[PDB]
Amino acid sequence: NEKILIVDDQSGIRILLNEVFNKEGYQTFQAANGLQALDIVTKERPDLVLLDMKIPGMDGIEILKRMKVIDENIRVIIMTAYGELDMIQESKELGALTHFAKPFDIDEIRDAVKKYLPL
């Protein structure tokens, strides 16, 4: 009954990450842009959200706030491009857990989302 929302503009990885948790007893919700993500956060109220920070059309750092203006309890893990140190800070300074720069080891994400979201 643990909800996870995947928010990347690339299907592949979105499908990938899914299948990953789609295994460890997690109900998974996908999404391709911020406008969709909210509605899901808003409607299905996820536990953890893995948010891609460089999606054309969205200021992840913006939907990050909104996402918290909707449920600050919200547990959000940002996926970033390596070297975006300011975005990471401002973000972790907004209320996030830990960034994960792509291409991240498929291992530690399930691991890390576990020690962050026991099921």
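Numbering starts at 1 and runs along the sequence shown.
Per-stretch averaging of Cα B factors for 43 to 51 and 22 to 30 places 22 to 30 on top.
For the two regions 32 to 40 and 90 to 98, the entry's Cα B-factors average higher over 90 to 98.
In this structure the maximum Cα B-factor among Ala81, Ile78, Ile70, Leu64 is found at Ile70. Ranked by C-alpha B-factor against the other modelled residues of its chain, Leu117 falls in the highest third.
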